[PDB]
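Going down the list, the protein sequences come from chains A and B.
Note that UniProt numbering numbers the first sequence so that position 84 is 166, with each residue one more than the last.
Note that UniProt numbering numbers the second sequence so that position 52 is 134, with each residue one more than the last.
Cβ coordinates follow ideal geometry from the N, Cα and C atoms, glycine included.
Below: the structure, in structure tokens.
Number of protein chains: 2
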Amino acid sequence: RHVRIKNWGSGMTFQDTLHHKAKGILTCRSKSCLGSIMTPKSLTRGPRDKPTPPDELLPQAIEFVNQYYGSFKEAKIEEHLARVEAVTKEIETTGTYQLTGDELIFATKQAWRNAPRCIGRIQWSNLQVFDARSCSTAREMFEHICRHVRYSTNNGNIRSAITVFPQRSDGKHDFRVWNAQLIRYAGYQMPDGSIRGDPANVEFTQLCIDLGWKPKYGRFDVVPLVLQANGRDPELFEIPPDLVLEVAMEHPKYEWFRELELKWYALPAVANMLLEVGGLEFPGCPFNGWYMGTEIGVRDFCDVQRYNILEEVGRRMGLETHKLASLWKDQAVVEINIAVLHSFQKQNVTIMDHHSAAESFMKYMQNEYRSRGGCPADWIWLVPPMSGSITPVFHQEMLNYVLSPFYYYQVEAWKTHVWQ
Amino acid sequence: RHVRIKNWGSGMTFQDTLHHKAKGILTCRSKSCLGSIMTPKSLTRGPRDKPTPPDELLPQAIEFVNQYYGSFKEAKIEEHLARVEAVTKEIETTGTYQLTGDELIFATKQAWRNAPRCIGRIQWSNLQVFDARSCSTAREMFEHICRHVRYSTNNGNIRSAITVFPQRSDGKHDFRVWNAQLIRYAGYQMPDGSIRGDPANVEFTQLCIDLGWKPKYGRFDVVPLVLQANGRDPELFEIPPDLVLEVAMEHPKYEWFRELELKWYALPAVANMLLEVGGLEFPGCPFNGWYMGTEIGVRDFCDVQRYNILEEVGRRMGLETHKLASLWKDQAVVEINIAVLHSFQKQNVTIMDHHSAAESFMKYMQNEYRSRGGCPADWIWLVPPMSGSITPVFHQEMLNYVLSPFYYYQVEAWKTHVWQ
Ligand code: HEM
Ligand code: HEM
Ligand SMILES: C[C@H](O)[C@H](O)[C@H]1CNc2nc(N)[nH]c(=O)c2N1
Ligand SMILES: C[C@H](O)[C@H](O)[C@H]1CNc2nc(N)[nH]c(=O)c2N1
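Following this line, the structure appears as structure tokens:
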């Protein structure tokens, strides 16, 4: 069956067939689309207390292996059959199975390619994979991560990479990072009720405090790494500041911008997510790419629930911060975003403006429909927080669906973990 | 059952219950949400050739009457029962039924309140209703419409109103306006292949030409009214220009803006839609409200498929129209939108900036959850084409669902109508 989608901007039409290979697990339906939910249950992959049943793990396992060998140009009929055998044997004799080196690499890149919310998916083939399935202690996790950061930071020329930790076994020996991101600022609730720092990270910082970390009560304080190994209680590890590359915010024209004294980390890295590969689950798999202007400019800086500086710069620019129809809010956001890009460019740090990002995506999307006649896409997340209609993606009709491999959200560790 | 939704900006959470009263008719599902479709089949209410079967029309009819009487403060047990009787009788004795004066008024306001894509829904109670079910000829339709326009224009102080035409009977005697909007500019495909005017209205203008209207080949030419009465072939009626209030575009700071020589109509009026009320269908029901800055500024003027002037003003502003990372596109759109608002304000014509609109909506939404514990909302359509994250709606989680009464899209008349 073919489903027709059109890009009203260019008039270009696509025929999606890949939606069939998609598993029918969604929070929405044919009576109320749960489209607009931050974190639907369908995109979540909760914890378990019993290993994945061998009988149901097998179909998925085979399914994957086929997909893997299906990727190669010239079929390896020999190795293919050989692998399928080895796997089946392993599953019924051990209850689970291990992935080959190259299989993992393929899986990570594929899961990224299958992430409907990532706009930078044109880079899916360029990914550095760190095999840390051999890891066994919290400290080792820390060391692996530092290697990851050192690599990805690359002295400013950000590189995409992912560190894969031991797969989930029984669901009690989970290896996972509790931090939403490897690098993230602290958020403290001050005595007068006000909030200093990143408001969104208040609950998490509070946790760090409870675990022994002493608050520095500053606007840009990098939280410690909360590492959980083998399901054991987590341990804190401060990231060596030398590895934390930041960018000071300053506007090209407005010198008063420096006075706001803003900055931000260069490395966007999601740690709290789970990787699903042919039935297997990996609760610990941090991955990173590079920032997109708007993420910092619009979201991090302008969101009321975040640093919320819109009011301030509006006054600084001497705009009618009281007459909404003056569109002062808009000029402000634009200027703030220019500052962000400029600051990264001036400091030789990789950054990408939402316009270039969107155009790159359209290209990637077109390629997807040639390669596999499909491309899962969450319109709501792909259209930039500013100037939506000015980006081609805004006009592109798109289908959202879950494939495999895939990156699922997990339930915040502290909410389920049982303390020792 | 209660479904939880959160507004990540304010943290305020709602509990939706109204989704139950919603009919399970959606193009999306629990395997692929068809969220992102311009015009899903679920939102469409096609034509018919046989009257609505009395047996299936009855449940809906009763359903409505209950809803109608349920709106009143003090229950009219007497009249209620009386009405239910009268209706049932009428349906089985005539095959259909007529709505009372006040019932229609209620239905129109309710269907508006039930439109998940309208952001100006806070005004749902303020609506002027013109009963034109008595109408019988194309000419009469024209006269009723002119009355509507004269009223709504209100010399600049736009007022919301709707003109209801005779309900659909057998589906062959449909009374409907073919025009997407009452007032809309022409689009001509020039000899050199280029397009003059509103590109989106090319197909429709071509039709008008085929019907005898002679092209004026200008950028802002108001098309004639294509009126269909009793299912008969349509007839053209030029709208008296005195009734067409326009606004010349000029920027407060940039005097060169006047040189672009832009303008736009003050009255946004959807004509091509169908109203569904307790089983009944009305293919002819034009309704209007007032414009929102972005509609014209961002969409009408910047969309590539529309007037597409972004390139031009970028050069005029002397911006780096070649370096995307310069965010020239963004500064340009902001400036263009300021021009729009300014021009309306200066000419004493009702206009509403997207910021004020969004805030008003949040208020309305909250009220909805008190009144009926629910509010159908299409996030994709509610978030403004520019500065999305800067508007509260962007952060509001919302549920989309079809209720009744409701405003359904129809299949373009010319595509199905049978000529005489
Ligand atoms: C090449 C650089 C990349 C760019 C420019 C990019 C950009 C983006 C952007 C802007 C988002 C939205 C983030 C948000 O709103 O919270 C996103 C989300 C996402 N990206 Fe990418 N991405 C890149 C690399 C990666 C990599 C390397 C992976 C994985 C291997 C990845 C996986 C995802 C996933 C899973 C999401 C969803 C994250 C969430 O739910 O918060 N991205 N990406
Ligand atoms: C008070 C002034 C009003 C404002 C500011 C307002 C604003 C809006 C906006 C901005 C849209 C999006 C239009 C588009 O993107 O195509 C819209 C759509 C809609 N509005 Fe309202 N609205 C108002 C009045 C009305 C009235 C009076 C009705 C009906 C009785 C109404 C019914 C709808 C419907 C059905 C849609 C969907 C139209 C479509 O599919 O193109 N609105 N409204
Ligand atoms: C409620 C709504 O889903 C929410 O605000 C979404 C909208 N789109 C988004 N898009 C991206 N990329 N990132 C986000 O965090 C969000 N938040
Ligand atoms: C493909 C996508 O649905 C389409 O471009 C939508 C997005 N949101 C919209 N929102 C509004 N208000 N109006 C529109 O015409 C659109 N177009």
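Practice problem: Check whether the Cβ atoms of residue 302/A and residue 267/A lie closer than 7 Å to each other. | Solution: In this structure, the beta-carbon distance from residue 302/A to residue 267/A falls below 7 Å.
Quiz item: Taking the Cβ atom as the reference point for each residue, do residue 491/A and residue 121/A lie within a distance shorter than 7 Å?
Solution: yes
Self-check item: 4 or more residues per run - each alpha helix (DSSP H) lying fully within the stretch 215-253 of chain A
Solution: 220-235
Quiz item: residue 261/A to residue 353/A, Cα distance in whole Å?
Solution: 6 Å
Exercise. May I ask whether a heavy atom of ligand 4 can be found less than 6 Å away from the beta carbon of residue 255/B?
Key: no
Self-check item: Within the stretch 395-430 of chain A, ranges of the beta strand (DSSP E) (whole runs, at least 3 residues)
Solution: none
Quiz item: Would you say residue 431/B faces chain A, with C-beta separation under 7 Å as the test?
Solution: no
Quiz item: Would a check of beta-carbon distances place residue 480/A closer than 7 Å to chain B?
Solution: yes
Practice problem: Give, in chain order, every unbroken run of the beta strand (DSSP E) that is at least 3 residues long and sits entirely within the stretch 311-398 of chain B. | Solution: 317-319, 328-330, 345-347, 355-359 and 362-364
Quiz item: If the cut is a Cβ gap below 9 Å, which residues of chain A does residue 373/B touch?
Solution: Residues of chain A passing the Cβ test: none, with the nearest at roughly 13 Å.
Quiz item: Do residue 88/B and residue 479/B come within 7 Å of each other at the CB atom, strictly closer than that value?
Solution: yes
Quiz item: Mind listing, in chain order, the residues whose beta carbon lies closer than 6 Å to a non-hydrogen atom of ligand 3?
Solution: 118/A, 120/A, 462/A, 463/A, 90/B, 476/B, 477/B, 478/B and 479/B
Quiz item: In three-state terms, what does DSSP make of residue 489/B?
Solution: In the structure shown, the three-state DSSP call for residue 489/B is strand.
Self-check item: residue 380/B at chain A interface by Cβ criterion, 7 Å
Solution: yes
Quiz prompt | Buried or exposed (CB count within 10 angstroms, at least 16 for buried), residue 279/B | solution = buried
Quiz item: Any chance the CB of residue 106/A is under 6 Å from a heavy atom of ligand 1?
Solution: False, no ligand heavy atom lies under 6 Å from that Cβ.
Practice problem: May I ask which residues mark the beginning and end of the beta strand (DSSP E) holding residue 179/A? | Solution: Run containing residue 179/A: none; DSSP gives neither H nor E here.
Practice problem: Round the Cβ separation of residue 425/B and residue 329/B to the nearest angstrom and send it over; I've been treating them as touching at under 8 Å. | Solution: 5 Å
Quiz item: With respect to 6 Å, is the separation between the Cβ of residue 159/B and the closest non-hydrogen atom of ligand 2 below this value?
Solution: no
Quiz prompt | Exposure of residue 191/A, with buried meaning 16 or more beta-carbon neighbours within 10 Å | solution = buried
Exercise. Could you tell me the distance, in whole angstroms, from the CA atom of residue 287/A to the CA atom of residue 309/A?
Key: 14 Å
Exercise. Could you tell me the boundaries of the alpha helix (DSSP H) in which residue 210/A lies?
Key: Counting along the chain, residue 210/A falls outside any alpha helix (DSSP H), though it belongs to the beta strand (DSSP E) covering 210-213.
Quiz item: Helix or strand or just coil, what does DSSP make of residue 42/B?
Solution: Because residue 42/B is not part of the residues shown, which for chain B are 83 to 502, the question remains open.
Quiz prompt | As assigned by DSSP and simplified to three states, the class of residue 111/A | solution = Note: residue 111/A maps to coil in three-state DSSP.
Exercise. Indicate whether residue 502/A and residue 364/A have their beta-carbon atoms separated by less than 7 Å.
Key: Going by C-beta atoms, residue 502/A is not nearer than 7 Å to residue 364/A.
Practice problem: Starting from the C-beta of residue 228/B, find all residues in its chain whose C-beta is less than 8 Å away, skip the five residues before and the five after it, and write them out in chain order. | Solution: 321, 322 and 325
Quiz item: Got a sec? Which residues, its chain only, sit under 7 Å from residue 255/A by beta carbon, not counting five neighbours each side?
Solution: 312 and 313
Exercise. Under 8 Å Cβ to Cβ from residue 298/A, same chain only, skipping five residues before and after it: list those, please.
Key: 268
Quiz item: What do you reckon, are the CB atoms on residue 472/B and residue 411/A nearer than 7 Å?
Solution: yes
Practice problem: Tell whether a beta-carbon distance below 7 Å holds between residue 396/B and residue 421/B. | Solution: no
Exercise. Reducing DSSP to helix, strand and coil, say where residue 98/A ends up.
Key: strand
Exercise. Could you pull out every residue in the same chain whose Cβ sits closer than 8 Å to the Cβ of residue 451/A, ignoring the five residues on either side in sequence?
Key: 96, 97, 98 and 457
Quiz item: Buried or exposed: which applies to residue 147/B, given that a residue is buried once 16 or more other Cβ atoms fall within 10 Å of its Cβ?
Solution: buried
Quiz item: How about the stretch 166-178 of chain A and the stretch 129-143 of chain A: do they share at least three Cβ pairs that are nearer than 8 Å?
Solution: Inter-segment contact for the stretch 166-178 of chain A and the stretch 129-143 of chain A is present: three or more beta-carbon pairs are separated by less than 8 Å.
Quiz item: Which residues, taken in chain order from the stretch 417-429 of chain A, show a beta carbon closer than 8 Å to some beta carbon of chain B?
Solution: Taking 8 Å as the Cβ-Cβ cut-off against chain B, the residues of the stretch 417-429 of chain A that qualify are 419, 420, 423 and 427.
Practice problem: Give a yes or no on whether the C-beta atoms belonging to residue 264/A and residue 368/A are separated by under 7 Å. | Solution: yes
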